[PDB]
């Protein structure tokens, strides 16, 4: 034999190990419209109808947004928009209520409950009405047979919805 001494400068004692990390995908939609009927005297919603253009999704990453539109997700060719239609607002108090409505994602419809939190019914500087309010709720992918090819392991069955609204009186 013969003896050698490492050259530490071009020697590497290395390892690779595989681990999982959980993270929230958080996105909005740039293009949607709604119809908002609300009675400040009784702090009750009368009509709330939303339509969201699936095309306009934004999860802060343009290449994933495209992927969202494909058949294993949105199918935005066949189903260009998702819709919400209020069927019932059950008041809790003047700040709080339980909105029940029909959500449709890619042609499938389920009734959902959103939690309404009224964040200040003012009369804005110009003398015309404003309202702020939020809608919050959890829907299950499986209820809408959504992304069915993707397992509940890789991607959560639960989707959390936060809708934040400022809004001004009509005409």
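Residue numbers count along the first chain shown, from 1.
Asks: What stretch has the higher average Cα B-factor here, 142-150 or 122-130?
Replies: According to the PDB entry, the answer is 122-130.
Asks: Mean CA temperature factor from the deposited coordinates, higher in 95-103 or in 68-76?
Replies: Higher mean C-alpha B-factor: 68-76.
Asks: Select one of 17, 159, 22, 163: the residue whose C-alpha shows the highest B-factor in the crystal structure entry.
Replies: That would be 22, according to the entry.
Asks: Where does residue 108 sit by CA temperature factor within its chain: lowest, middle or highest third?
Replies: Lowest third, going by the recorded CA B-factors of the chain.
Asks: What third of the chain does residue 136 rank in for C-alpha temperature factor, lowest, middle or highest?
Replies: Its C-alpha B-factor, which the entry lists for residue 136, ranks in the lowest third among residues of this chain.
Asks: Which third, lowest, middle or highest, does the C-alpha temperature factor of residue 117 belong to within its own chain?
Replies: For residue 117, the deposited C-alpha B-factor lands in the lowest third.
Asks: How does the C-alpha B factor of residue 44 compare with the rest of the chain: lowest, middle or highest third?
Replies: It falls in the bottom third of the chain.
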